[PDB]
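# Commentary on secondary and tertiary structure
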Amino acid sequence: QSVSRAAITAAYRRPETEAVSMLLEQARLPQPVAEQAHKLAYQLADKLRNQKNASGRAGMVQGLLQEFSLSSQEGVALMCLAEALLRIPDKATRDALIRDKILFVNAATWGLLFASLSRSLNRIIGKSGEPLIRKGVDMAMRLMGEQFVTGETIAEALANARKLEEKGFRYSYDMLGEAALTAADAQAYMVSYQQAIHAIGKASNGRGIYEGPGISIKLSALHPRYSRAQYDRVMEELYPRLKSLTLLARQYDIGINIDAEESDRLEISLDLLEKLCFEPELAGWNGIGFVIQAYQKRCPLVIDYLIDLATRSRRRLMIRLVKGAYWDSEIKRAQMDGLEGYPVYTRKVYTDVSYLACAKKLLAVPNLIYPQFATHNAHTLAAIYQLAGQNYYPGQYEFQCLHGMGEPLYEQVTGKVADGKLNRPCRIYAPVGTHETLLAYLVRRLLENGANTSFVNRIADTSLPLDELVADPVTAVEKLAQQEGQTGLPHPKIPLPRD
Ligand SMILES: Cc1cc2nc3c(=O)[nH]c(=O)nc-3n(C[C@H](O)[C@H](O)[C@H](O)COP(=O)(O)OP(=O)(O)OC[C@H]3O[C@@H](n4cnc5c(N)ncnc54)[C@H](O)[C@@H]3O)c2cc1C
């Protein structure tokens with residue numbers, strides 16, 4: 001192996017105390033930068049919560065719960081009567097009714113300001129069995145998944161693009177579907193990607209890899225049983241498909257991004273990337289993109305490799321820095337394999353520290369990397385904004401977000417300074433497909449949105465103060481270290497696989 005490739009392999013399951021300790025000073029924001037990041041993060045998160053005055057309304061709510069010593073159930077019932085009184089048209093009649101003599105339709109809506117279904121479930125199940133369960137799972141998947149899908153076909157998705165593109169947003173389209181099980185499956189995904197590139201490229205119409213739309217691909221869709229595939233078959237079979245798609249993207253001058261999937265496929269994906277970057281037909285073209293996952297211990301070492309690869313292959317790589325979408329499966333996988341450790345961190349704050357350290361590394365080499373900072377986290381965003389320094393220029397970096405998750409945060413970000421925005425571009429990741437391709441993506445979105453460690457989950461918890469929500473991760477790790485006795489201890493509820 002090369003020097004940088006060898007270092008990747010060595011860090012695979014590095015002990016967490018060691019990995020976190022090494023990243024801390026790389027992630028630490030200088031005090032004035034940290035202060036500016038905090039104020040911006042606080043401001044972004046405040047406007048998120050208090051959209052339609054959610055906090056101020058909740059304030060007046062509890063203020064009346066106190067002054068009368070009323071319950072919360074006593075609060076709703078009072079508003080319901082108050083609402084019915086405000087529907088009496090003439091004030092003299094309303095006043096006279098209140099004085100001389102003194103319904104719950106919208107009681108549910110008022111309660112938002114403040115057991116037998118189990119029987120119905122046990123009854124319905126035994127009667128109708130697994131077919132009812134299977135249809136209910138398919139149905140709930142489609143209902144919950146709709147908010148995350150931009151269109152059923154690439155033509156439909158593309159037809160919706162101008163609305164946000166004219167506001168300064170960009171797109172990366174994802175043809176849903178992954179983990180091809182058969183040769184026919186992988187061939188169908190290949191044809192779907194080719195069709196999509198033709199459509200996106202014609203719509204891009206020469207706007208180029210920065211301003212114009214691009215595509216995101218999953219290597220697992222292009223090779224049957226990719227999860228266990230050997231190097232020889234992957235190079236023989238998957239790589240010609242990857243090359244073919246990338247040459248076509250180059251012909252239309254659109255970005256083509258290689259998504260990151262499970263951690264045991266990182267190595268083969270670097271082998272594919274290495275070969276791709278030296279294709280003569282791609283010389284002098286900078287549209288190749290690659291995702292790296294900050295929750296992996298290998299991430300900073302992958303960056304050193306990518307920096308060297310951009311230098312040797314004489315290109316600027318588009319690098320999407322993410323935290324990562326497969327954490328729950330990574331933990332379970334590692335516990336089943338009984339190895340010396342985990343390839344990912346076990347405390348969420350460590351992943352945040354890793355992301356900040358990795359972001360600094362990426363921003364230091366603008367000639368070699370175009371960083372694409374994917375996050376829905378207001379502190380992460382504000383930190384990157386400050387770390388990128390003074391004198392932003394559009395080609396310095398961009399943000400990215402997922403369709404159906406990013407809008408309220410990035411509405412404050414993309415657009416004119418005169419309109420109160422930060423004037424930084426954001427590329428929306430846009431899944432395209434029908435219900436038959438949605439399951440795996442939807443599940444990952446449920447895990448993301450439902451975890452009590454996720455920013456998008458914590459910002460919806462109005463009992464968590466804004467200052468705790470946007471707390472600096474480096475300081476959080478040092479507070480843990482002072483309490484627990486050393487830096488970077490694993491999650492107490494996630495022991496090592498061999499324990
Ligand atoms: C446009 C875009 C493209 C993306 N592409 C990919 C991709 O190709 N591959 C991929 O794997 N991910 C990808 N992601 C990331 C993934 O889908 C999540 O959106 C992302 O990790 C959420 O980070 P956040 O900063 O918005 O949330 P935050 O809430 O600040 O962080 C949440 C993340 O922390 C991590 N985490 C949660 N619990 C723990 C824990 N106990 N210990 C350690 N870490 C923890 C997980 O990565 C989780 O997603 C992409 C994200 C976006 C926005």
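If you check the header, you'll see the entry was determined by X-ray crystallography and the resolution is listed as 1.6900 Å.

What follows concerns the packing of aromatic side chains. Judged by centre distance (5.4 Å) and plane angle (85°), the ring pair of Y397 and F399 falls under edge-to-face. Ring plane angle 5° and centroid distance 6.4 Å describe the contact between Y429 and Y441, whose orientation is recorded as stacked. Of the two residues, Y429 is situated in strand β8 (residues 426-432) and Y441 in helix α20 (residues 439-450); the sequence distance between them amounts to twelve residues. One aromatic cluster is present, formed by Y355, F373, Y392, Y397, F399 and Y410 through successive ring pairs. Above the face of the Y305 ring, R5 is positioned so that its terminal group lies 5.4 Å from the ring centre. Over the ring of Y355 we find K323, and its NZ or CZ is 5.5 Å from the ring centre.

Counted at 1.5 Å a residue, the expected span for helix α13 (residues 231-252) with its 22 residues is 32 Å, and the 30 Å between its end C-alpha atoms agrees. Along α13, the helix axis deviates most sharply at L238, where the bend reaches about 40°; the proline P240 sits within four residues downstream. Backbone geometry just after α13 places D253 at a positive phi near 55°.

Where helix α1 (residues 3-11) contacts helix α15 (residues 299-313), the two axes come as close as 9 Å, and the packing angle between them is 170°. In terms of orientation, α1 lies roughly antiparallel with respect to α15. Between α1 and α15, the residues in contact are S4, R5, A7, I8 and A11 and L301, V302, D304 and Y305, respectively. Residues that form the contact of α1 with α15 fall into these classes: six nonpolar, one polar and two charged.

On to the packing of helix α17 (residues 348-363) against helix α23 (residues 473-484). Close contact between α17 and α23 brings their axes to 9 Å; oriented N to C, the two are set at 135°. As the angle between them shows, α17 and α23 are arranged oblique. Regarding α17 and α23, the two cross each other, and that crossing is left-handed. Contacts between α17 and α23 pair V349, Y350, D352, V353 and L356 from the former with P473, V474, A476, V477 and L480 from the latter. Here the contact of α17 with α23 is composed, by residue class, of nine nonpolar, no polar and one charged.

Here we have eight strands rolled up into a closed barrel, ordered β1-β2-β3-β4-β5-β6-β7-β8, and parallel in their pairing. Between one strand and the next, the sheet's axes are offset by a mean angle of 30°, whatever the strand orientation. As defined by bridge partners, strand β3 (residues 256-258) adjoins strand β4 (residues 288-293) across three bridges and the pair is classed as parallel. From the neighbouring strand, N257 faces β4, where its bridge partner is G289. With respect to the sheet, α13 is in contact with β2 (214-217), β3 and β4, its orientation differing from that of β3 by roughly 150°. Seen against the sheet, α15 touches β4, β5 (317-322) and β6 (369-374) and runs at an angle of roughly 160° to β4.

The next thing to look at is the environment of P490. Relative to the helices and strands, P490 resides in the segment after α23. Expressed as a C-alpha distance, the spacing of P490 and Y345, which sit 145 residues apart in the sequence, is 7.6 Å.

Of the pairings in the sheet, the one linking β5 to β6 comprises five bridges and is parallel in character. Paired with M318 across the strands is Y370, a residue of β6. Pairing analysis gives three bridges linking β6 to strand β7 (residues 398-402), with the strands arranged parallel. Across the sheet, the residue bridging to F373 is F399, located in β7. Where the polypeptide runs from β6 across helix α18 (residues 378-387) and back to β7, its parallel neighbour, the crossover connection is right-handed.

What counts as what
- Residues numbered from 1 in each chain as written, not as in the entry; some residues may be left out.
- Heavy atoms only, no water.
- Residues with missing side-chain atoms left out of burial classes, pairs and counts.
- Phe/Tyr/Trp six-rings, centres within 6.5 Å; stacked < 30°, edge-to-face > 60°.
- Helix = DSSP H or I, 4+ residues; strand = E, 2+ residues; numbered from the N terminus.
- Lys NZ or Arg CZ within 6 Å of the ring centre and 35° of its normal.
- Expected span 1.5 Å × (residues − 1).
- Bend = angle between axes of the 7 residues up to and from the residue.
- Axes fitted to C-alpha atoms, helices over the stretch in contact; angles between N-to-C directions.
- Parallel < 35°, antiparallel > 145°, perpendicular 65-115°, else oblique.
- Contact = heavy atoms within 4.5 Å.
- Nonpolar A, V, L, I, M, F, W, Y, C, P; charged D, E, K, R; others polar.
- Left-handed = near helix turned anticlockwise from the far one by under 90°.
- Pairing = 2+ DSSP bridges.
- Right-handed = clockwise from strand over helix to strand, strands pointing away.

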